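To keep things simple, chains are lettered A, B, C, D, E, F and G as they appear, and every chain counts its residues starting from 1.
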Amino acid sequence: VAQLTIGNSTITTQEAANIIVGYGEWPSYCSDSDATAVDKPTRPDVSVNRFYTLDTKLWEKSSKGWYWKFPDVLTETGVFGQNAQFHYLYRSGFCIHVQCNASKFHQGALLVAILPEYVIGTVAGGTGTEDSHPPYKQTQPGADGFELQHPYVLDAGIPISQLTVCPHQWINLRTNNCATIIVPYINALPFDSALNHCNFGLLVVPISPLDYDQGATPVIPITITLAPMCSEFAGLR
Amino acid sequence: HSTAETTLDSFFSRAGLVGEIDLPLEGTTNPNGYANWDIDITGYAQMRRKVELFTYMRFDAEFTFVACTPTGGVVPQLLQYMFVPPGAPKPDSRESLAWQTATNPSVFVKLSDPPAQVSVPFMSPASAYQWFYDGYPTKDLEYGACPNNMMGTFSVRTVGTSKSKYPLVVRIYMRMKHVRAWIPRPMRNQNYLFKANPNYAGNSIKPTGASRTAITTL
Amino acid sequence: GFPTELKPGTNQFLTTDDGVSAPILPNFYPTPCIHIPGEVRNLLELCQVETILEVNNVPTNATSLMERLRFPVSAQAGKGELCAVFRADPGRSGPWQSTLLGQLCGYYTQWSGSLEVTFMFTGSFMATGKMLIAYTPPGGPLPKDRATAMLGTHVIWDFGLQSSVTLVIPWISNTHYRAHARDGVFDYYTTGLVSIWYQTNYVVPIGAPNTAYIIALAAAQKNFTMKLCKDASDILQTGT
Amino acid sequence: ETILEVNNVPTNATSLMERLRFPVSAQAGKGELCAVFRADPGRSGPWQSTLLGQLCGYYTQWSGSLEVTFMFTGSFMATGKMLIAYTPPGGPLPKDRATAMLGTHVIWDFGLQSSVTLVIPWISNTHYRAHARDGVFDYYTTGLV
Amino acid sequence: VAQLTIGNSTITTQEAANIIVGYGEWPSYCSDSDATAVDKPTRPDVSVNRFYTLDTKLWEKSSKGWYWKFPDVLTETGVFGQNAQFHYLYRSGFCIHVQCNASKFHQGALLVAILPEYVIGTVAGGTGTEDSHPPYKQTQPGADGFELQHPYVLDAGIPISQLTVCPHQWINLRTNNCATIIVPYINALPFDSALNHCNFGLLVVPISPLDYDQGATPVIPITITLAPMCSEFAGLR
Amino acid sequence: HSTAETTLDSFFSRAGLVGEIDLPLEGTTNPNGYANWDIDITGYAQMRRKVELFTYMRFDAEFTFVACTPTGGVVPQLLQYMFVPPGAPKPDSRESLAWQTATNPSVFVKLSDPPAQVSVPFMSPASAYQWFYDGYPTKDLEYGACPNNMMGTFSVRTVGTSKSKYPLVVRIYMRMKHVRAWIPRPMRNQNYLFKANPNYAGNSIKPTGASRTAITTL
Amino acid sequence: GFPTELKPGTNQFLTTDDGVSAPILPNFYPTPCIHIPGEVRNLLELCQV
């Protein structure tokens, strides 16, 4: 046991298990050239660099899986929510940390992954005749995430059977629980909007269904804690 | 065994047919001996699935124009293919001062002459094109649609003041070159619904691939 | 004028041929590319990524497709019982189609290399027991019973201990040409055969799930190749 | 390390021993939320069982990084994946499993390693407050596992 | 994941788990003295050195176990079957590799072992009064193996409780699946028949019975893949 | 905070709309498919007030011509914009030998082609333009009017012998560059009466800015 | 011909953008500027008056 403390926050997470650094790159600030050359972007090191602990989601024998959209997820709660709202341009890396409190008498496996530009696609009506672009609920599901309706096709006709081709980490209950992923800023632009375009999505699906002999707490809590690595903003409003 | 056939340029090369304009002498479609084709690399069926293997791409393209009659015949008709750089307005009439504006590269060639070919550079004002855009470009549903990814517009037409003498069919081939891809993503496994978004049949979800009887019986 | 004679192929358009032609926009300076994390340079990079092998590719029902990702093991099964079995056919239809490896192969005509299936036990922690994974190279049909299966390359996997074992398929070569109905595609022929057997019965204490699942993760090894391109793709672009 | 009574629900006298562990089983399907608690070493809750917690009570304010460990005690033959996820202060408990994964999480597989450890970055019980009359420096910084 | 490719075959087996080398000796060719001194035995390096993948056997909650007899098992299918049939003398090492495709929701344990000169013994009638030497089905069970009738006494009055005293490897589902064993040529003769005398036997018994909570594929496939290391033959027919 | 946004070039840059020609197919205004526009940098409303912050200025300008139909449509019509160097005579008819004279720089472009742009150098025969002239340039009232400050004249017209086929609207944008100002003077505080002089309403004089109740009450 | 691919923003007119374009009068030599007392170079000079 060893509790990391970076900010007015103090998560009592494991000493130092294995963390998958995304696409093999630590999120950093910027050389000296961007979508702003006579506009030196202030780099929030203040309260924009602490631990955020999203409202734990409950895993049932039936959860289809969940997903969050960055940077949206936090533009809500937080002083990082203060920045993302009062600023025009934005660039920031991350570091998610998904924990699972369960007993040795439970069992399951969660695939946790980061998928850049995660574009959803609802039923398209019901059978497939309605160009209805998903609600403002599926495009930016705040800090409480959103559930997958068709886990198999990740809600975008792509097979989850191949999701591991993204920065991912497994969470097999009989072997661990906490899993970590350091995401670097991935975009086709140095500085992009932090309110309309969501640089990516964090998925967390039960590949091996949760289960327990009858009599154990049936819902295992999944606690997602994240830390904004190298925030950057330009021009306030 | 040389791992060269597995590169990116060797995967995405090869001139594919992406467009087929049609200038019937008389009929419905393109009743003015001219038509506007928006560069769309999905003009090639299986291309979508492929490029969509990545999230960010960068490339140039060599377009080739094979024009003839519906029969496949060669004829002494002179054509003019014009390029509308994403940002400039397109022709709307058979002599909109659009075909006149120099900043719109045109290329005259007769059907006698071998196919006409030209190279379009990586347009986009972004670092790269991006097949996915998880947001809205800061009434209507503007989701998933990425602005700057527009490669331009080719406007085919029979040179001259009057209509053409024979019916024509211009086939447009495009081979992309010097490719760079990024962020590999899962391979589409549900039929495509619209050229727009990634929507799929919300009930007609089939398994990624064929299925069998029992897991023990091979 | 300098003397020239034209050779055949003049005025010819070869879709593959790649010489050149002038830029439509000469003075255009394509916005420079910045640095995008994780670039790919050769699909073979991908072919080495582990992806979920749908060994349990039986349930076809719409709301069950998620089960295809894992097969099960339980108390009901007795020692010796055959658990599952599939072929070493990264290309051909079957369980491999779920893997990225498989899907890419479809975009290629022939190939060869060593593979690498991994097996992850997701059962309880209190669960213990031994499963016997065995590979039977091309030819030798699926071993009659568990016993004889063991007399050949196999690995006794014990989840009581290590919760995840990896098996290496020596080599599979989809080069042995063929001509079925009319789709004369280079048929594998070299279909190895991985079978998983119950070495011991499933053992669990009072209080634990008397049934668990095993996920399978495949991917090709470093020495993998792919030759000839084939755009076979049933999922095609449709005009709205 | 001291036993965190995450399953601090049974209050019955002859069941208090169950508070030491929560369960996982066949009945639960993929995605289902198993359990959930806060990163509040001080305040009432599951932490009160730990020595850490009990000591904090003898102190007014504090800060540091924590470290929860999870031990699977099931059969040996048991396998599967559980997804543990921490959500820093603010962001409510992720709606479903999916979205939960898009943030710091760890996919734990007991088929393999029978015991995983999660690190809580930092929790600071310094953000003063004044409830009914017990104006004790309330956490505020309640992470969420 | 890493697929080994030695021949027109390509098995996508694990990167490199643990393999038990039999009796601590890598199968090799031969110094310069044998049952043939003016007969230089040709060493098939051609198609006799590739991967063979026997028809996967299905493991049930009730499988008693199986066994194969070398070199017989392959004299059937294969160009190695071509050699063993058209040649008089034979000497060859091996390398078996038994894989098991199952989910983390199953459980079991297989003991996989190599037992030199594996002589079977049927019921001897029924109770024990008939010198009936086992059928030509139990002495050379082709490439599809044969099932044990009395797993406890390995069909030869020897206790399986002690089989580990042979080159063996365990396959506990909750911990692994693939298991490997490199067998060296073990005989009391340099060059022996490859059609009548079976240098040994490969056993694979479920010591911990297969099991799964109801609803999982009940049969787990055991895939035996093997590679002939250092084949040797003398005089064709 | 970089004091660069307060320079002179950063204050006076930016392409502003200074002219909007109109060639209706039929009607009143410009009944000959052509019109003469005198370069007037006050074509931009708030520009007068600005430049008039100084007494002497020097600069060049980059003019851009965005032409389309009233609807905003693009059409295959070729145009010719001509420049009449202050000193040469302007066209008076749809074929006054004026459009023919080379010393009058013309620039043909189709509407298809992107906007046409050209740079006019600092014309004036003086050291600099001067918004104020306290005298008379050595019947009628010629006060305040400074001669040599004339930048020229653009003459827009539809190429060709006959009238245009569609209605046209040519918008003229001009961004001044490389600016030098001199003798700063008080900032205009009374509405402007004529483009000519600085006359103002001789009774409707309002206070420079809003007023309050008492000087003690904020 | 030297190889070129056009990037988005081609044929585009940005009112702020300031590249260039040919002089309408090439051979014109704008009467030289002499010295005018009190030139201003940055409005901020004024803000301190």
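Everything below uses one rule, namely that a residue touches a chain if its C-beta (ideal position, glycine included) is under 8 Å from a C-beta of that chain, and two chains touch if they have at least 3 such contacts.
Across the two interfaces under comparison, B-G and B-C, the one joined by more C-beta contacts turns out to be B-C. With centres taken as mean CA coordinates, the chain nearest to the overall protein centre is A. If you average the Cα atoms of chain D and of chain E, the two centres end up 50 Å apart.
For this pair, chain C with chain E, the centres built from the Cα atoms lie 26 Å apart. Remark: chain A and chain F have CA centroids separated by 55 Å (rounded to whole angstrom).
Averaging C-alpha coordinates per chain places the centre of chain E 84 Å away from that of chain G.
Looking at chain D, one finds that residues 23-26, 30, 71-81, 109-115 touch two or more other chains.
Residue positions of chain A with contacts to 2 or more other chains are 23, 69, 104-109, 131, 151-152, 159-162, 165, 170, 172-175, 186, 188-189, 200-201, 207-209, 211-213, 215-216. Multi-chain contact residues of chain F, defined as those touching 2 or more other chains: 114.
Those residues of chain C that touch chain B in the shared complex are 11-13, 15-16, 18, 20-25, 28, 30-34, 36-44, 46, 54-60, 62, 65, 68, 71, 82-87, 93-98, 100, 102-104, 107-108, 112, 142, 193, 225-229, 231-233, 235-240. Listed in rising order, the residues of chain A touching chain B in the complex are 23, 69, 115-119, 121-128, 131-134, 139-140, 149-150, 152-154, 156-163, 165-166, 186, 188-189, 193, 195-201.
Within the complex formed with chain E, the chain D residues making contact are 26, 75-81, 109-111. Residue ranges of chain C in contact with chain E, taken from their complex: 48-50, 53, 55-56, 58, 70-88, 90, 101, 111-123, 127-176, 189-204, 209-224.
Every residue of chain A that touches chain E in the complex is listed here, in rising order: 107, 109, 172, 174, 208-209, 211.
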